[PDB]
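Chemist: What would the 3D arrangement of this be:
(chains A, B, C, D, E, F, G, H, I, J, K, L, M, N, O, P, Q and R)
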Amino acid sequence: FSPXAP
Amino acid sequence: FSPXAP
Amino acid sequence: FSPXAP
Amino acid sequence: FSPXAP
Amino acid sequence: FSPXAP
Amino acid sequence: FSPXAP
Amino acid sequence: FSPXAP
Amino acid sequence: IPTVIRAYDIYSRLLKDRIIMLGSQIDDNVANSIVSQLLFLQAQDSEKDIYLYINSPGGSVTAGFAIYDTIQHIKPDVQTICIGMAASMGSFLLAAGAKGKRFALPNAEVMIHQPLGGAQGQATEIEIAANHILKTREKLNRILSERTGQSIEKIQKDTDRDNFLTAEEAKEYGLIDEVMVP
Amino acid sequence: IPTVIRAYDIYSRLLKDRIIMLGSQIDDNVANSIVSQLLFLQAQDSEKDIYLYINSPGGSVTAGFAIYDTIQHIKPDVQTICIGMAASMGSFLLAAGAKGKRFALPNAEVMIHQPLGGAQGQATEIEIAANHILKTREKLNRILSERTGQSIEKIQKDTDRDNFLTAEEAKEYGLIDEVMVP
Amino acid sequence: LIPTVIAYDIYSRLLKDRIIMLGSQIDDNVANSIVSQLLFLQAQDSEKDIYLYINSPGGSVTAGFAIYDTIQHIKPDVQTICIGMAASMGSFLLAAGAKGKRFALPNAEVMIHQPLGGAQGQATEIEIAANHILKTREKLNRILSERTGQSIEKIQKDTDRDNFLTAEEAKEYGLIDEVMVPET
Amino acid sequence: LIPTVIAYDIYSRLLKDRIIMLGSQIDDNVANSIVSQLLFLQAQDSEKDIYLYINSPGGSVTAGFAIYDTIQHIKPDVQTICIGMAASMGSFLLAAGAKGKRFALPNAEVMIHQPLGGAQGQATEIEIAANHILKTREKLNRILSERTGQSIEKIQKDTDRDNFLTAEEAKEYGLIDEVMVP
Amino acid sequence: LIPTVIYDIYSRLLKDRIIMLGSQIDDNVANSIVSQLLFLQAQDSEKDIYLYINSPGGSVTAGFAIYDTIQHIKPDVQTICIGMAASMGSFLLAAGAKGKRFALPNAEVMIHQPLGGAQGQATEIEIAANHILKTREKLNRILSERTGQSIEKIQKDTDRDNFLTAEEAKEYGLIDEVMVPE
Amino acid sequence: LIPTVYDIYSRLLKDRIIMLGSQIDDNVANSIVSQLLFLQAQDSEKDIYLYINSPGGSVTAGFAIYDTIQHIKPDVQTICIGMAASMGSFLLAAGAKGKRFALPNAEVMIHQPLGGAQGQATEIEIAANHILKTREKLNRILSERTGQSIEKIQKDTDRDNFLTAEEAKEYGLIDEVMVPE
Amino acid sequence: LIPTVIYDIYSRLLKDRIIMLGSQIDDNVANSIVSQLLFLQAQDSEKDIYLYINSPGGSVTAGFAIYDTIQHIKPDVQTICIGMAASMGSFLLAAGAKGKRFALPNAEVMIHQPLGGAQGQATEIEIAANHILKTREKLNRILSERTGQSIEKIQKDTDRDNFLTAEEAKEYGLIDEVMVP
Amino acid sequence: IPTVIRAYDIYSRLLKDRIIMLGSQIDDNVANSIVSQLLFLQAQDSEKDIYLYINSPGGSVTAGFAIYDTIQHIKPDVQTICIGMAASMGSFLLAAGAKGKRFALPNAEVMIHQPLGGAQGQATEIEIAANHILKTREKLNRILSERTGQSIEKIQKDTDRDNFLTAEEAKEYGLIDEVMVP
Amino acid sequence: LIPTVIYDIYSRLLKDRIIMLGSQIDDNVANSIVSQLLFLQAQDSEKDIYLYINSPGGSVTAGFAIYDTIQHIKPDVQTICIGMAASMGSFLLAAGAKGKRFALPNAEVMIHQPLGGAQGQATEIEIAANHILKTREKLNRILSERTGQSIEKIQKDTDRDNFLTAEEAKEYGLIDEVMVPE
Amino acid sequence: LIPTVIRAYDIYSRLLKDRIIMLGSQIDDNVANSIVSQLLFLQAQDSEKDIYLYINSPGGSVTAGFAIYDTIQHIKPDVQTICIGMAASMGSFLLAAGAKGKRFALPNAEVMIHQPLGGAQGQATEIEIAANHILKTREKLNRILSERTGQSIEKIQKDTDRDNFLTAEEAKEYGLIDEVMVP
Amino acid sequence: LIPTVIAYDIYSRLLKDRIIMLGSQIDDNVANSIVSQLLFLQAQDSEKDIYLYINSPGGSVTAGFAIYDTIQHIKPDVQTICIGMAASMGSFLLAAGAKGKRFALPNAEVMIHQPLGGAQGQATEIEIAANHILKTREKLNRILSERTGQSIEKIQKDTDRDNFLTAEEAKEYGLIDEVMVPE
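Modeler: Residues are numbered from 1 along each chain as shown, chains lettered A, B, ... in the order given. The structure is reproduced below:
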């Protein structure tokens, strides 16, 4: 899940 | 159940 | 239960 | 249980 | 069981 | 399943 | 299974 | 089961007035009891009517035939009254009552269908079992034809699957003579 | 079950005063007993009221109709008194009492809903079972319309899901005539 | 519940008129009861007929032979009447009634077949069990030959598999004497 | 074995002196028996007190209300005596005795709590079940408020979880009138 | 089979004011014992009753129904331990009239803390724990009164299963005498 | 064990052979669908061969396979070995016209769909209507694939109906009985 | 059925002061036997009672309820072993009035140490072990008194299942006589 | 599961071409796998379409929402293709595909209905569970309204009971964009 | 564990055109054997295949999948019975290329009629019976062709379990040679 | 089957290569052992780069949960938490345990908080010990949740008395997460 | 599934850095694995520390002693770290780590109690089983006395029932040397 998680 | 049975 | 039943 | 119940 | 019970 | 998926 | 399948 | 007051259970009290209650599945125990009751009542009085009340999903065909044959054998007329439901062998017994004296209550259900069974083992054993249940069905259909006035061919078609009848439809079919109205 | 002293179990002692207790699920056994009790009481006295006390979650519809049809058939008025709960076929029997003589105690619960059932097998078998339970529902709804004064359309809507009524609401609905106050 | 008549349960009331009901599977308990009833009835009256009503799928062969041997031993004639079904050891007992006094109702079923059993363990144990059930079958077949008038060879062939008979066929076979027809 | 006195079983002998023993879980069968006993005793004598001894962990709310409504309906006063334990619907029935005539023995336990139940199926079905049990709780709380003198708000808070009371605490709460001292 | 005398043997003993507690203590057993005690007091409020105890114990609340009934009634209740009195069984042994608590020489008496259970949310476990700890305080207090031992000593001596001979039970104050044979 | 050469089934898949040798459920359908899609992606023109020995199973799982067969560009030949019953016989009939085969001793069985319904009358009604619609859909497609009328399919599937390979050919479920050289 | 005489057969025997212990010894059986003994003493404090024993044993505490009642009441209780008296059954056989303990010739008597069990913490197991060892000491002591054998010999002879003939039981001091026909 | 030859199981080989197969009940394990596959595919290529093939009777709503939220979160369009059946949460995911890229094969079945669940315990606990599943239903209905263009009121009515749609009907309803014809 | 050679042992044998049928015949086993036969034909359409049989039999239709594949492919399939070939196992043994059917000296061959089962309506039992009787006719006809025995003799000899030695199987025509050791 | 991607990785192992840990099940000792091992491995590989813990879990063992919790707080890297689907009970506790500013939920994710569950059977004294233990466990959970959310201990106690279901947005308002991850 | 890193399963990857994970009930299988791991690590390097992570409700005493005796036998120091819970034989092994190198994370639970078992049969058999478990308890208490510095009498009293300790209490008791606090 990026950005920002990765 | 009479009449007629008894 | 009377009256009235019995 | 009496008295009083009977 | 008497005496003493009955 | 292409066209169109792939 | 051929002929004919393959 | 309540007692009434001589001290009788309620079913025994009804049996004193020549009423037999068939209120369960039909098995050998139930058939043995009903047969014994019919024989007792005939011995007490060979002329007075007997009343068989039926609320039954059916059961054993041979047990059912023990009752059926006893009904036809004894001298007294046996009236049949369907309350609730008469299904399968239950509906067969309903139809077995004295002609003119087969009744159903207005919301009673009657169901007719083909016999059920099973078979396991060698091909030859399955063949024997199949032939047996097909003969059993022919026997039931023949008697039901005689008792209803419907053809064997029509009974065969109408029992291929579960066939639910209202009391009025059962009367039209010839399974009963009258709907017992309040 | 206690005995009272003639030596009667408590239920048999109540039956002597024309009281029938329906305090369980409705199945064939229970229906057979209740039917037998109703017939016995009519034979004893064709004019005096019978009192049917109902605390029941319901049960078999056909067993229920055995009781229903017997109530309507016999000459005596059958008063119905709901204590605790009358649900499903139990509430149907409550509504079946003599008009003006259907009661509930103040904290008694009445529940109405559509019939329940089940079917497994071939499409055609499922079709037969579906048609049967839909006809059963139509029959229940029609009678409930006659007994309550509500339209068939309203009964259909109000029984689509479990519908719990207070005694007072059951009276407003037409399922009973009076809430029996102390 | 078994109903009461007036105080007799219905079966006890029938026993008073010398009627015995065999309305179940045949096991040791049932045989013990039937044997006791037969002995009681003989003691009451050694000359009057007894009536044995049979609706039974059969059961234990040894229990069946307790009944069979008691029937043949006592002085009174034992009439047999098949209602519903007499299968296996049930049909054997039907055939065991006094000659001329074996009946079936018209829609009654009679079934004859070879005895059933089971054996597990060492080869020698299986051999013993096999020899035992084969001897049991020979004994049943021999007696059935005597009671029906059919040859042993024919009984053997006709009982190899389940063989279902109508009342009328049972009469033709010699298992019963008469089909009990309704007057009506 | 339940002992015999001379021929009465011990409970039947107590029933002769207008004592009813509620010594089990409350279900439909138990309620039917208790209701029948109450009706029998009123019919025997409409003026003399009845004594209901309670040792019960509770049970069905509707079965409990069958008993409750019968107590309030009949003419005789029903004294309640808690021996051992009165929990849940058991404590509700203890509180339902005639005012001034509700007792507990000194080491008896009384427990009050909210009703328990279950719901399974579609969202709408769960909603119906939730609404029903919440209405049932409101009804119980209202009556318990009337019988104890406590506010509905306090009853709600005090029954949120299992709440165990001594006999003395039950008296202070208003569930009973007196601790029966030796 | 329980033998008959010309009464079943227990009923014959009850005629001479002997009650047999020969099983686990549950609600059914307590209801019977309580009923027997009340019956015997009603027959004769002055003559001693004899309670024979061979019991591994059971329900504490059921036990307290019996205990409170013993203390309530006018007659002295003698207790005699035969075989074993454990847990709530030993509590009831100690509850007999002072001077009239006995054990046979090879009888076993066992004392220990109450057993129970708790499942669910932390708050629920807390309520259950507080309840069983209060129950233990109540038992210990009464046992202190009945034996002459301190509450602190009872607490220590019941921490685990503690088996006593008849002679040790006498030294402890649970019984008054070991019943020696002539 | 399944022998290795590739496991034997994977080795056959390399030559565009798919083996349906079990009850039809969602897992089996997912595998067969994936195999069909893979084979089309490898070569959109070459025939695929679906060998069928199956007592049938889930109708919806069966339709996942059926619709995938009709969707992809390659012809899918069907060969019944042993038995094709119920949804298995439906899939046999779904092969490319002219390229549906059964071995001489293979059994084909046709019958109506099976199911269940429990609950309120209204719920039973919904379930009944659903399975009756499902049967209409099966019968319609089987009519198109065999040349038999809908009325005849309805009558012939009322109960279990066992066909020889030769009878299956006469019925229009297959095109040829595959005889040995 | 238990047959009737005109009493059920056991009740008819109880009328002649015969008690039948024909099962496992549990609390129910002990309560019945104790009640019978008390009833018979109340009827007649001087006439002998006869306790027939065919029992594989059972609960030690239930057994001691019977034992202590026998020793407490005024009448002599004769014991007769038919079939088998094992474990607590053989203890009760030995508990009959001295000179009036019998076994039929083919009756079996078996003596052994008490059986039990324990689960939980070490300290709980210790308590259970101490309890059953004390129970065994109590049984052995009384059996020493009733037979004339030393405690040391009883301990050794009950370490495992020890089966005795009627004649051996007499030699051991468990009974006084073999009842010959 | 067959292997293709680098050695891939057939599903892994399809995943290489950005195809995810949802061919089972939706539970936490399945959702975790699908979510992981979606995240992997986005990381591999943030611009190319993903294809989610759906043959599923549904399952856990929360597991379903893990997949739903991941679909909406990632940059690539997710095409949805119903083969066989998409029921309950399966049909919700079908409708969740990129607008214009939701497909069903012609004989595929789509079924929509209200969420199912269960609740046991105290009144208050049942209330909490009921409120939760009613909120869950509102959330599902709102999103389904947004994804189909149907009103919330119509979605509510059309999901009250099991509602089976053909592919063509699903397109008319707005659950898919096209029936994929051969 | 199945040992490995440097292949699992069965795969190593398959490399030399040996197939092992060492279990009950079901759909899984048939699918594997059929696949092996097809693979071996594709590798080399002229070289013999060797089918080793140690099997109690199983599914008739699974057996026919194997049978028809053997007859269809170009290579000769030799059959070798080790241990036991019973029922459908003995049918497959007889199905090997003429002149190339073997049994080891202590191998057992058993022939008998097919086994099955049927439950339900008379009509359903009839269909099942007809099906298994047709299946038996088909097996008997082919076995007649493969052995040279008449259909009438096969029918009689398979009525019950019929155990043959290897030598008897050769005399019967089920195999061509007993494979004796050098 | 769990699919493979191509080095040949199962999908979870492929995610672990990018510092993503999936907590997609009930929390027991086995799951905790795996997650703890993954956290330690990732710290050893790189003590500075963020880790991402994806949570879809109904909860489970409190002690297993604390093995994970204490490992998160011990290691140097920030652990981001992302709730997908559901975080209930100890699952919601771990969600709240992520690095401040880096706790997320997807918009339709469910978060549920409640008091710990357990059981005890036996002697009064044993029940007392078990009760004291679970009440201390609850105090410990509530205190930490107070620190992580900014809510008072008294409010946490009241709000966890029964099952309390929160939307992602409500979880943010409560202080259990920092942001709803919007598309 | 246990993830893979690149080819090692995660536990095997930790074992490469001399970390052993005891994350389950202690039975013969687990003991055999742990013993084998300890022996392998000593053979690789007889001087470098080993790290034993413990999250365990305990289990078999004899299996536990297989691990204990192996720890004391080998040349390397074995550090012990309690995460989550160390109960019963688990807490015994925690205390068995090299002096100065026994740790617990701050929210870890440690529980001590007396051994559990069972006995069925003849009085003499029950006596033998009772004597055996009492001897086993004496042996455990003696060693725990040596490892903690507490008297045997105090250990006996404190293990009579289930006794739950916080990490800080475990340190005060002498079961561990330090609470491992986070930076």
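Chemist: Please make it C-alpha for all contacts and neighbour counts, starting now.
Modeler: OK.
Chemist: biggest helix in chain H by residues?
Modeler: With residue count as the measure and DSSP state H as the assignment, chain H has helix H:123-148 as its longest helix.
Chemist: Reduced to three states, what does the spatially most central residue of chain H come out as?
Modeler: Chain H has residue H:93 as the residue nearest its centroid, 1.6 Å off, counting by CA atoms, centre = their mean. With DSSP: H, G, I helix; E, B strand; the rest coil as the basis, residue H:93 sits in helix.
Chemist: count of neighbours near the closest residue in space to it that isn't next to it in sequence?
Modeler: Of all residues beyond its chain neighbours, the one nearest residue H:93 is residue H:68 (6.4 Å), with distances taken as CA to CA, 6 or more residues apart in numbering or on different chains. Residue H:68 sits with 24 neighbouring residues when counted by other CA atoms under 10 Å in any protein chain shown.
Chemist: still on that earlier bit, please tell me I have it right and the residue nearest to the centre of chain H contacts residue H:64.
Modeler: Yes. Under the criterion of CA atoms under 8 Å, residue H:93 is in contact with residue H:64, at a separation of 7.3 Å.
Chemist: mind listing the strands for chain H?
Modeler: Assigned by DSSP state E, the strands in chain H fall at H:3-4, H:8-9, H:19-22, H:50-56, H:78-87, H:102-104, H:109-112, H:116-122, H:163-166, H:178-179.
Chemist: and the gap between the residue nearest to residue H:36 when sequence neighbours are not counted and residue I:142?
Modeler: Using CA to CA, 6+ apart and skipping residues adjacent in sequence, the residue nearest residue H:36 is residue J:10, 6.6 Å away. Here the distance between residue J:10 and residue I:142 works out to 44 Å (CA to CA, to the nearest Å).
Chemist: how close does residue H:41 get to residue H:50?
Modeler: Separation of residue H:41 from residue H:50 (CA to CA): 8 Å.
Chemist: Same check on residue H:158?
Modeler: Between residue H:158 and residue H:50 the distance, using CA to CA, works out to 30 Å.
Chemist: between the two, who's got more neighbours?
Modeler: With neighbours defined as other CA under 10 Å, residue H:158 and residue H:50 compare such that residue H:50 has more, 27 against 14.
Chemist: isn't the more buried one right up against residue H:16?
Modeler: No. Taking contact to mean CA under 8 Å, the distance of 10.6 Å between residue H:50 and residue H:16 leaves them out of contact.
Chemist: Just want the residue of chain H that's nearest chain O.
Modeler: Nearest to chain O, among the residues of chain H, is residue H:162, at 27.0 Å (CA to the nearest CA).
Chemist: burial of that residue, as a residue count?
Modeler: Counted with other CA under 10 Å, the burial measure for residue H:162 works out to 17 neighbours.
Chemist: Let's see stretch H:125-132 as CSV, backbone CA atoms only.
Modeler: Extracted in CSV, the C-alpha atoms of stretch H:125-132 (Å, rounded to 0.1, in the frame of the first residue of the first chain):
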residue,chain,number,x,y,z
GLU,H,125,-30.1,-59.8,-5.5
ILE,H,126,-31.0,-56.4,-6.7
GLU,H,127,-33.1,-58.0,-9.4
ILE,H,128,-35.0,-60.0,-6.8
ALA,H,129,-35.6,-56.9,-4.6
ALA,H,130,-36.7,-54.8,-7.6
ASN,H,131,-39.2,-57.5,-8.8
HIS,H,132,-40.5,-57.8,-5.2
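Chemist: give me the residue from chain H nearest chain G.
Modeler: Relative to chain G, the nearest point of chain H is residue H:123 (32.9 Å; CA to the nearest CA).
Chemist: show me what contacts that residue?
Modeler: Residues touching residue H:123, when contacts are defined by CA atoms under 8 Å, 6 or more residues apart in numbering or on different chains, comprise P:113-116, P:129, P:132-133, P:136.
Chemist: before we move on, what about residue H:104?
Modeler: By CA under 8 Å, 6+ apart, the contact set of residue H:104 is H:81-83, H:167, H:176, H:178-180.
Chemist: roughly how far apart are it and residue H:170?
Modeler: From residue H:104 over to residue H:170 (counting by CA to CA), the distance is 8 Å.
Chemist: quick one: common contacting residues for those two?
Modeler: Shared contacts of residue H:104 and residue H:170 (CA under 8 Å, 6+ apart): residue H:176.
Chemist: Next up, the contacts around the residue lying farthest from the centre of chain H.
Modeler: Using CA atoms, centre = their mean, the residue of chain H lying farthest from its centre is residue H:122. It sits 34.2 Å away. The neighbourhood of residue H:122, defined by CA under 8 Å, 6+ apart, consists of P:113-116.
Chemist: Mark which of these are buried, thanks.
Modeler: Of the members of the contacts of residue H:122, the ones counted as buried by neighbours, 16 or more other CA atoms under 10 Å in any protein chain shown, are P:113-115.
Chemist: Out of the residues you listed, which comes closest to chain M?
Modeler: For the buried ones among the contacts of residue H:122, the closest approach to chain M (CA to the nearest CA) belongs to residue P:114, at 15.6 Å.
Chemist: right, and that closest one touches residue P:136 too?
Modeler: Yes. Residue P:114 lies in contact with residue P:136 (CA under 8 Å); the separation is 6.4 Å.
Chemist: Pull out the buried residues from stretch H:135-153.
Modeler: Buried positions in stretch H:135-153, judged by neighbour count with 16+ other CA under 10 Å: H:136-137, H:140-142, H:144-145, H:147-148, H:150, H:152.
Chemist: In chain H, which residue sits closest to chain Q?
Modeler: The minimum distance from chain H to chain Q, using CA to the nearest CA, falls at residue H:120 (39.5 Å).
Chemist: Could you export the buried ones among the contacts of residue H:122 as a markdown table, including distance to residue D:5?
Modeler: Formatted as a markdown table, these follow (distance: CA to CA, whole Å):
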| residue | distance to residue D:5 |
| --- | --- |
| P:113 | 81 |
| P:114 | 79 |
| P:115 | 75 |
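Chemist: Residue G:1: which of those residues is nearest?
Modeler: Ranked by distance to residue G:1 (CA to CA), the buried ones among the contacts of residue H:122 are led by residue P:114 at 28.6 Å.
Chemist: Next up, the contacts around the closest one.
Modeler: Each residue near residue P:114 by CA under 8 Å, 6+ apart is listed here: H:122-123, P:60, P:87, P:132, P:135-136.
Chemist: what separates it from residue H:123, distance-wise?
Modeler: Here the criterion is CA to CA. By it, residue P:114 lies 6 Å from residue H:123.
Chemist: and what of residue H:22?
Modeler: With distances taken as CA to CA, residue H:22 is found 38 Å from residue H:123.
Chemist: Residue H:88 too?
Modeler: According to CA to CA, residue H:88 and residue H:123 sit 29 Å apart.
Chemist: ok, now residue H:10?
Modeler: Using CA to CA, one gets 51 Å for the distance from residue H:10 to residue H:123.
Chemist: ok, the residue of chain H found nearest chain F - contacts?
Modeler: Scanning chain H for the residue nearest chain F gives residue H:161, at 44.5 Å (criterion: CA to the nearest CA). Neighbouring residues of residue H:161 by CA under 8 Å, 6+ apart: H:113-114, I:125.
Chemist: nearest to residue F:1, of the residues you listed?
Modeler: residue I:125 (38.1 Å).
Chemist: Count the neighbours of the closest one for me.
Modeler: Residues near residue I:125, counting by other CA under 10 Å, number 18.
Chemist: what does residue H:101 give?
Modeler: Taking other CA under 10 Å as the definition, residue H:101 ends up with a neighbour count of 20.
Chemist: got the contact list for it?
Modeler: By CA under 8 Å, 6+ apart, the contact list for residue H:101 reads H:78-80, H:176-178.
Chemist: so how far is chain I from it?
Modeler: To chain I, residue H:101 is 17 Å away according to CA to the nearest CA, to the nearest Å.
Chemist: And for residue H:150?
Modeler: As for residue H:150, its distance to chain I is 23 Å (criterion: CA to the nearest CA).
Chemist: any idea how far that residue lies from residue N:129?
Modeler: For residue H:150, the distance to residue N:129 - CA to CA - is 83 Å.
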